[PDB]
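Everything below concerns the one structure shown next.
Every read-out reported here was derived from the displayed coordinates using simple, explicitly stated rules and does not represent laboratory data. All Cβ positions, even for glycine, are placed from backbone atoms using ideal geometry, and neighbour counts span all protein chains on display.
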Amino acid sequence: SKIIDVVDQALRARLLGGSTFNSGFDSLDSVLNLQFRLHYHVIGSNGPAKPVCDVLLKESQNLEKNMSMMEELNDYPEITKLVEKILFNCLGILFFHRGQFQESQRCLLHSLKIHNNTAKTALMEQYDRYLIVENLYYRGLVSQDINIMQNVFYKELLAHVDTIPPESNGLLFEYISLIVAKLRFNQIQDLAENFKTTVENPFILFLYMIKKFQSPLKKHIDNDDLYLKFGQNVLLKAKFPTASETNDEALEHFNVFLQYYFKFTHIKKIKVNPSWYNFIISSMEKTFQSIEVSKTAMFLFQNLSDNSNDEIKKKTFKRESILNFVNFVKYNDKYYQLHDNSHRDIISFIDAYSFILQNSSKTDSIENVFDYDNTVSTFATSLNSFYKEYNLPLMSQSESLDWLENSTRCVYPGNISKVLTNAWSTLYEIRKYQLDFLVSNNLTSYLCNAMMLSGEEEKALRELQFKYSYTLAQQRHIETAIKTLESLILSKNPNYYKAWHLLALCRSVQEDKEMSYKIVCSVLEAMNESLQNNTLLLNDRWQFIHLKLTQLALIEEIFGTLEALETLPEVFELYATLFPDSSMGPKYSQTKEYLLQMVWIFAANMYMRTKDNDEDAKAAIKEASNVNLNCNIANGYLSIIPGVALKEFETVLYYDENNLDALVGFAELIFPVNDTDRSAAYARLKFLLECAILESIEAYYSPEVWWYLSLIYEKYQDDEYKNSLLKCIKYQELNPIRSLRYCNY
C-alpha cells in the first residue's frame, strides 16, 4: 500500500473541494480536474451557462474517447472503474443540465452499474460514498416529478449512507443537503415513516436538523425532551468499553447529531434543558477517550452556561466547556499520533477551535490546562497549515491591500465554506485591536480570506466588506478604502449608513471637503426619511447622532465656527426625536446617556473655539456632568482658556494610558513648579507616548503623537528624530475630521 496512499490523499483533497490533483494517474488527475471545474460552476450557483456546458461537455467527451486509447491504466483494473464512475457522473450532470434526460439517465445508470460491480480503503470508501450519493441526487433530479424524486431519495439514500459523515467530506454533505432540500416533511415522525427507520436513529435526526437549518423562520417545533429521552435510552443500552473493545456505536453516533443540535440551540439562542447535564456526564462515564463526546460536551456546556442565571453554575459550565475542549484537542493529537498519520476531521477541528475562541476571552484561561493566546496562535497555524497542505489558494499580505484588483473566488462545499469564513472572521475579531497585525497587513488578509468564499449571507458579506474598508482606513490607505467602499459596498447597498459615514470620513481627508459635506447632508436626509416616514433605524440611531456631529464639524471647518454655532440646536432637536422619554450595548460607553455627554462636549469645544463666550462652554460641561473622561478632557482644555489642566489630564491618563487627546493635552502643557518636576512629567509623557505607539493603532497613525514624540527626540539628534518627523508629516496629510470610531456602530 505504498502508492495507494498518494491516490487516497488526492481523493481527500477532492473531498474538501480541492483544486489541484497529483494522483499518480494522469487520467485521474484530468478527470478529477474536470470534476473540479464542473463543481465550481454547479456547486457555486444553480446554473452553469451553455458556454460552460459546451466547453466542459466537449472536454468530457474528448476526455472519455481519448482516455479509452491509453493503457497504463490496464496494469491497474481497480482504478479504472473509479475513473469511469467519476466521468459518467459528470456526463450525467452536463446532459441533465442541458436538458437531455435520457442520455443523462444512461450515463448515471452506467456509473451506478459500475458502482455495484466494485470490489477498499476507508477514504476510498468515503469518496465512493460521495459518488453514489451524487449519482442518486441527479438520478432523482432527472425525473421531473417531485414524488418519484422523493421516493428514490428515501430508499436509496438510506441504502448508501448509514451514518453522519465526517465534516471533512464536504461533497457528501453537499449532496445530502440537496437531497434533504428536495424532500418535504414537517416533523420527524413523517421522516422516520418515509424512511422506514426508527425515529431514534441519529442519521434521521441529522437529516431533520439539516432541514431545520435549510428552512429559516418558517417554523419551530420543540422536541428537546424527546431527544433527551432518546439519549437516555441509548445511554441505558450502552456499556463502558472493555479494554479489548470499542465505544458503543449508538452513543458515539448520537453525540454527533447532538453536536449539530447544540450548535443549533446556541446559534438560535434558544434555551436547553438542564437535565441534559446528567446525560453528558453519563456519556463521559460510559465512554473512554472520545473525541465526539468531548466536542458534544463543549457545545452543550456552552449552552448550559449561557442559559443559566446562577453565576456559579455559569462559571462552572464555562470551565467544563473549556476543559472538554482541551480533552478534544489532546485526544485528537493522540489519534494523529498512533491511529493514523492523518487527522480524522480537520474541519471539525478548526470548527471546535473557532467555537471556543468565539465564546471565551483571555480571562477564561486556566493555569496550565488552557492558554488563550496559545490557542489562538495554534488556531492560526492550523488554518494556514490546512490551506497549504491541500493547496487551497490563500491571500498574500501585500495583495490584500487591494480586493477589487486582486479578487478571486473560491468554491468549497457549503459546510466547509461556512466553517472557514467563520474561522477567518473570528480570528480577525480576536486580533482586531493589536497593532502589529494591522501593520503586518494580516488583518486585511484575514478578512480577505473570509471574503474569497463568497438575507443571511448578504449581511455577512456587507459586514465583512465594511470591516475591510474600515481596516484599510485605519491603515491610512484612504484612496483604496474610498474606492472599495464606493464601488463595492455602497453601489447597490444604500440602506447602509455605516459605510456612508465611513465614506464621509475618508473623503474628509482630502483638502477640499464639499464632497464629504454634501454626502453627509444627503445621507442625513436619507436617515431622516428612514427615521420618520419609514421605521428602519435600530443601532443606526447612534450613527444618526454621530453623523450629525460630523456634519457640524464639516460646517465648522468650511463655514467658520460661528455659522456652525448657529446650526447646533438641530442636534438637540434630533436627539430629542431619536430618543424619547420612554442602551445600544451592555457597557456604559454604549449607553444612551453617554451620547448626550458626547454632544455636550462637542458643543463645549466649539464654544471654546469661539473666543467670545467661555461661559457657554462652562455651562455645556456642567450640563454634561450633571447627567466621564471626555468631560475631564473638556475641563482640562477649558482650564487653559495652568495646573488644574494638568491634574485633569493626569486624571484622564490614569484610567486609560492610550487616550489620545489626554496625551496630546498633557504634551501641550509640556510644550509651549520645580525644573525637576517638569523633567519628571516630561519623562512620564515620553514613556506614555512610546507605549502608545506600540499598543494603539489610533496613536500610531496620529500626526500629533509623532509631532510631540519628534519634539522629544529633537534635542538628541538620532535617526528616531528624522523618522518621527517623516511620519508626522506623512500622517498630517492623512487625517479625517473625527476619528473613525464614530462610524463604527
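One table, with the values for the structure above:
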| item | result |
| --- | --- |
| Residues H160, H477 arranged by fewest to most Cβ contacts within 10 Å | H160, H477 |
| Stokes-Einstein translational diffusion, region 198-344 - Kirkwood Rh over all Cα pairs, 1.306 mPa s, 10 °C, in µm²/s | 99 |
| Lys, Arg +1 and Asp, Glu -1 on Cβ, resulting dipole of region 1-54 about Cα centre, debye, nearest 20 | 140 |
| Global form of the chain, assessed from the alpha-carbon gyration tensor, a/c cut-off 1.5 | prolate |
| Order of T265, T408 - criterion: other Cβ atoms within 10 Å of each residue's Cβ, fewest first | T408, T265 |
| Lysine pair number, Cα distance threshold 22 Å (strictly under), region 1-197, separation 8 or more or different chains | 18 |
| Region 376-418-region 348-369 distance, computed between alpha-carbon centres (Å) | 21 |
| Virtual paramagnetic centre 7 Å along Cα→Cβ of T197, amide N under 16 Å, in region 220-258 | 249-258 |
| Length released on extending from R319 to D371, taking residue separation times 0.36 nm less the Cα-Cα span | 17.4 nm |
| Signed unit charges on C-beta, dipole axis of the chain, positive-most listed residue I148, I641, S244 | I148 |
| Whole-angstrom gap from region 612-626 to region 697-742, using each part's C-alpha centre | 31 |
| Point-to-point label distance, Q337-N674, nm (Cα→Cβ direction, 7 Å offset) | 6.2 |
| Dipole magnitude (debye, nearest 20) for the chain, charges at Cβ of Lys, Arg, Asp, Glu | 1980 |
| Farthest positive-ward along the chain dipole, Cα basis, beta-carbon charges - from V329, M209, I545 | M209 |
| Nearest-0.05 FRET efficiency for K587 and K722, computed from C-beta distance (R0 60 Å) | 0.90 |
| Region 345-453 shape via C-alpha gyration tensor axes, a/c threshold 1.5 | oblate |
| Stokes-Einstein diffusion coefficient of region 628-735, Kirkwood radius over Cα pairs, 37 °C, 0.692 mPa s, in µm²/s | 231 |
| Cα-based shape type of region 342-390, given that a ≥ b ≥ c are square roots of the gyration tensor eigenvalues and the cut on a/c is 1.5 | prolate |
| Rounded Å value of the spacing that divides the Cα centres of region 275-321 and region 648-668 | 45 |
| Theoretical gain in end-to-end length, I221 to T246 [0.36 nm per residue, Cα-Cα removed] | 5.5 nm |
| Residue-wise HN-Hα coupling along region 458-475, computed from phi with Karplus coefficients 6.51, -1.76, 1.60 (Hz; x: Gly, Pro) | 5, 5, 4, 4, 4, 5, 4, 4, 4, 4, 5, 4, 4, 5, 5, 5, 4, 6 |
| Cut-off 20 Å (backbone N to label point 7 Å along Cα→Cβ of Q732), residues of region 687-714 | 699-714 |
| Nearest-20 debye value, region 570-693 charge dipole, Cβ charges on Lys, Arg, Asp, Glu | 240 |
| Helix-only CD estimate at 222 nm, as mean residue ellipticity for the chain, using -39500 (n - 2.57) per DSSP H run (n ≥ 4) | -22000 deg cm²/dmol |
| Top positive-direction residue, dipole computed over the chain with Cβ charges, set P166, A680, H477 | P166 |
| Cβ crowding within 10 Å averaged over residues, with 212-219, 467-474, 185-192 ranked highest first | 467-474, 185-192, 212-219 |
| Approximate spin-label separation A181-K518, in nm, with each point projected 7 Å along Cα-to-Cβ | 4.5 |
